[PDB]
Amino acid sequence: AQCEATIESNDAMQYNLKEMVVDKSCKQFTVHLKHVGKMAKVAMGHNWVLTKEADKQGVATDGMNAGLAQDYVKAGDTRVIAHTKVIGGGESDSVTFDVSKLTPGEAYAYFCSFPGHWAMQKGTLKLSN
Ligand SMILES: [Cu+2]
């Protein structure tokens, strides 16, 4: 709603939103990730990671390599515009980020970097009015 959105992840390694639009009057945007499945975070944990579409595989590989204690995102990875924590079934997490980190026109990729999820669990984020 307004300068925020909610996205659901389930036990099928899917996000319910394939596209998110950040309104141009927004200086901050907030994403609330909900894991509406029942599986454990070691089994089917999920997060939400935002990168320029170019850096998606790089971030997903380094992220898989950072472990669960780093929420599968390489610590201080400059390519990650924002990310939630890794959560398990029945949980939620939120992240707010600065919209000046994004450029109009330019398309961004958001995905889940939990092992093996990036390929499938993905969507596009764009800035518009
Ligand atoms: Cu996932």
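Total residues in segment 5-19 satisfying the condition of being without any contact (Cβ under 8 Å) to a residue 40 or more places away in the chain and either in contact with a strand residue (DSSP E or B) (Cβ under 6 Å, 6 or more places away or on another chain) or surrounded by 13 or more Cβ atoms within 10 Å (Cβ to Cβ) (or both): the figure is 5.
Looking only at residues of segment 98-127 that are in contact (Cβ under 8 Å) with a residue 60 or more places away in the chain and of a type in the set (K, R), we find that the one that is nearest to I7 (Cα to Cα) is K122. Could you list all residues from segment 18-49 that are more than 14 Å from the ligand (Cβ to nearest atom), farther than 22 Å from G63 by Cα and part of a loop (DSSP other than H, G, I, E, B)? Selection gives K24, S25, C26, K27, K38. Hey, any hits in segment 75-97 for a residue that's of a type in the set (D, E), without any contact (Cβ under 8 Å) to a residue 24 or more places away in the chain and not in a strand (DSSP E or B)? There is at least one residue in segment 75-97 that is of a type in the set (D, E), without any contact (Cβ under 8 Å) to a residue 24 or more places away in the chain and not in a strand (DSSP E or B).
The residue list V73, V22, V31 contains one member that is touching a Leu at 6+ places or on another chain (Cβ under 6 Å), among the aliphatic types (A, V, I, L, M) and buried (at least 19 other Cβ atoms within 10 Å of the Cβ), which is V22. When the test is whether a residue is closer than 18 Å to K126 by Cα, surrounded by 18 or more Cβ atoms within 10 Å (Cβ to Cβ) and within 11 Å of the chain's Cα centre (by Cα), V49 passes it. The residue that is nearest to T103 (Cα to Cα), counting only those in segment 54-69 that are surrounded by 15 or more Cβ atoms within 10 Å (Cβ to Cβ) and free of Cβ contacts under 8 Å to residues at least 60 places away in the same chain, is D55.
Every read-out reported here was derived from the displayed coordinates using simple, explicitly stated rules and does not represent laboratory data. So basically every Cβ, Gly included, is an ideal-geometry build from the backbone, and we count neighbours across all protein chains shown.
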